[PDB]
file my_file_1.csv (CSV, C-alpha atoms)
chain,number,residue,atom,x,y,z
P,1,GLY,CA,-4.2,19.8,-1.9
P,2,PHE,CA,-6.2,16.8,-0.6
P,3,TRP,CA,-6.6,15.3,-4.1
P,4,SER,CA,-2.8,15.6,-4.2
P,5,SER,CA,-2.1,14.3,-0.7
P,6,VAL,CA,-4.4,11.4,-1.3
P,7,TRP,CA,-2.4,9.9,-4.1
P,8,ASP,CA,1.0,10.9,-2.7
P,9,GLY,CA,0.2,10.1,0.9
P,10,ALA,CA,-1.5,6.8,0.2
P,11,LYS,CA,1.2,5.7,-2.3
P,12,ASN,CA,3.8,6.2,0.4
P,13,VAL,CA,1.5,4.9,3.1
P,14,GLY,CA,0.8,1.6,1.4
P,15,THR,CA,4.3,1.0,-0.1
P,16,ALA,CA,5.6,1.5,3.5
P,17,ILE,CA,3.3,-1.1,5.1
P,18,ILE,CA,4.8,-3.7,2.8
P,19,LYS,CA,8.3,-2.3,3.1
P,20,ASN,CA,8.3,-3.4,6.7
P,21,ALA,CA,5.6,-6.1,6.5
P,22,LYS,CA,7.0,-7.7,3.3
P,23,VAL,CA,5.3,-11.0,3.6
P,24,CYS,CA,6.0,-14.1,1.4
P,25,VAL,CA,3.3,-12.7,-0.9
P,26,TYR,CA,1.6,-9.4,-1.5
P,27,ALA,CA,-0.8,-9.6,1.5
P,28,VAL,CA,0.1,-12.6,3.7
P,29,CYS,CA,0.8,-15.8,1.9
P,30,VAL,CA,-2.8,-15.4,0.6
P,31,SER,CA,-5.1,-13.3,-1.6
P,32,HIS,CA,-7.7,-10.7,-0.6
P,33,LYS,CA,-9.4,-10.9,-4.0
call {"tool": "encode", "arguments": {"input": "my_file_1.csv", "output": "structure tokens"}}
result
Amino acid sequence: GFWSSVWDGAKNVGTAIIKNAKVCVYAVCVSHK
């Protein structure tokens, strides 16, 4: 299910990026907003 792999896949995809690229702050010592 795409609608299912979209929330589960992304959730793990993003959380992972930070898991290894855990910068001082959320993004990179800055804010995207």
call {"tool": "atom_distance", "arguments": {"input": "my_file_1.csv", "atom1": "CA of residue 31 (chain P)", "atom2": "CA of residue 4 (chain P)"}}
result
29.1 Å
call {"tool": "atom_distance", "arguments": {"input": "my_file_1.csv", "atom1": "CA of residue 13 (chain P)", "atom2": "CA of residue 26 (chain P)"}}
result
15.0 Å
call {"tool": "atom_distance", "arguments": {"input": "my_file_1.csv", "atom1": "CA of residue 14 (chain P)", "atom2": "CA of residue 27 (chain P)"}}
result
11.3 Å
call {"tool": "build_atoms", "arguments": {"input": "my_file_1.csv", "residues": "region 3-22 of chain P", "atoms": "N, CA and C atoms", "output": "PDB file, keeping the file's coordinate frame"}}
result
ATOM      1  N   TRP P   3      -6.642  16.195  -2.938  1.00  0.00           N
ATOM      2  CA  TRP P   3      -6.600  15.300  -4.100  1.00  0.00           C
ATOM      3  C   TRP P   3      -5.121  14.993  -4.449  1.00  0.00           C
ATOM      4  N   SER P   4      -4.199  15.825  -3.975  1.00  0.00           N
ATOM      5  CA  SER P   4      -2.800  15.600  -4.200  1.00  0.00           C
ATOM      6  C   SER P   4      -2.138  14.803  -3.109  1.00  0.00           C
ATOM      7  N   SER P   5      -2.589  15.042  -1.883  1.00  0.00           N
ATOM      8  CA  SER P   5      -2.100  14.300  -0.700  1.00  0.00           C
ATOM      9  C   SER P   5      -2.691  12.955  -0.590  1.00  0.00           C
ATOM     10  N   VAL P   6      -3.748  12.719  -1.361  1.00  0.00           N
ATOM     11  CA  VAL P   6      -4.400  11.400  -1.300  1.00  0.00           C
ATOM     12  C   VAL P   6      -3.683  10.382  -2.126  1.00  0.00           C
ATOM     13  N   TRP P   7      -3.129  10.788  -3.261  1.00  0.00           N
ATOM     14  CA  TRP P   7      -2.400   9.900  -4.100  1.00  0.00           C
ATOM     15  C   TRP P   7      -0.933   9.750  -3.633  1.00  0.00           C
ATOM     16  N   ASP P   8      -0.353  10.869  -3.212  1.00  0.00           N
ATOM     17  CA  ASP P   8       1.000  10.900  -2.700  1.00  0.00           C
ATOM     18  C   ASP P   8       1.111  10.263  -1.335  1.00  0.00           C
ATOM     19  N   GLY P   9       0.170  10.627  -0.469  1.00  0.00           N
ATOM     20  CA  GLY P   9       0.200  10.100   0.900  1.00  0.00           C
ATOM     21  C   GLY P   9      -0.091   8.604   0.920  1.00  0.00           C
ATOM     22  N   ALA P  10      -1.139   8.166   0.229  1.00  0.00           N
ATOM     23  CA  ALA P  10      -1.500   6.800   0.200  1.00  0.00           C
ATOM     24  C   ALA P  10      -0.382   5.933  -0.472  1.00  0.00           C
ATOM     25  N   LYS P  11       0.126   6.429  -1.596  1.00  0.00           N
ATOM     26  CA  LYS P  11       1.200   5.700  -2.300  1.00  0.00           C
ATOM     27  C   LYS P  11       2.352   5.406  -1.396  1.00  0.00           C
ATOM     28  N   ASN P  12       2.727   6.362  -0.552  1.00  0.00           N
ATOM     29  CA  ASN P  12       3.800   6.200   0.400  1.00  0.00           C
ATOM     30  C   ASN P  12       3.360   5.380   1.610  1.00  0.00           C
ATOM     31  N   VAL P  13       2.104   5.582   1.994  1.00  0.00           N
ATOM     32  CA  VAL P  13       1.500   4.900   3.100  1.00  0.00           C
ATOM     33  C   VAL P  13       1.480   3.388   2.915  1.00  0.00           C
ATOM     34  N   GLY P  14       0.936   2.990   1.769  1.00  0.00           N
ATOM     35  CA  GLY P  14       0.800   1.600   1.400  1.00  0.00           C
ATOM     36  C   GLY P  14       2.188   0.939   1.209  1.00  0.00           C
ATOM     37  N   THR P  15       2.943   1.489   0.262  1.00  0.00           N
ATOM     38  CA  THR P  15       4.300   1.000  -0.100  1.00  0.00           C
ATOM     39  C   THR P  15       5.099   0.760   1.194  1.00  0.00           C
ATOM     40  N   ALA P  16       4.872   1.607   2.194  1.00  0.00           N
ATOM     41  CA  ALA P  16       5.600   1.500   3.500  1.00  0.00           C
ATOM     42  C   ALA P  16       5.184   0.283   4.244  1.00  0.00           C
ATOM     43  N   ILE P  17       3.877   0.069   4.349  1.00  0.00           N
ATOM     44  CA  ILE P  17       3.300  -1.100   5.100  1.00  0.00           C
ATOM     45  C   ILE P  17       4.013  -2.370   4.631  1.00  0.00           C
ATOM     46  N   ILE P  18       4.192  -2.515   3.323  1.00  0.00           N
ATOM     47  CA  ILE P  18       4.800  -3.700   2.800  1.00  0.00           C
ATOM     48  C   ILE P  18       6.333  -3.668   2.951  1.00  0.00           C
ATOM     49  N   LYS P  19       6.898  -2.467   2.908  1.00  0.00           N
ATOM     50  CA  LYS P  19       8.300  -2.300   3.100  1.00  0.00           C
ATOM     51  C   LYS P  19       8.816  -2.931   4.375  1.00  0.00           C
ATOM     52  N   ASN P  20       7.976  -2.872   5.403  1.00  0.00           N
ATOM     53  CA  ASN P  20       8.300  -3.400   6.700  1.00  0.00           C
ATOM     54  C   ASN P  20       7.607  -4.784   6.903  1.00  0.00           C
ATOM     55  N   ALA P  21       6.384  -4.883   6.394  1.00  0.00           N
ATOM     56  CA  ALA P  21       5.600  -6.100   6.500  1.00  0.00           C
ATOM     57  C   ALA P  21       5.656  -6.925   5.230  1.00  0.00           C
ATOM     58  N   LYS P  22       6.812  -6.912   4.574  1.00  0.00           N
ATOM     59  CA  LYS P  22       7.000  -7.700   3.300  1.00  0.00           C
ATOM     60  C   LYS P  22       6.823  -9.150   3.559  1.00  0.00           C
TER      61      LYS P  22
END
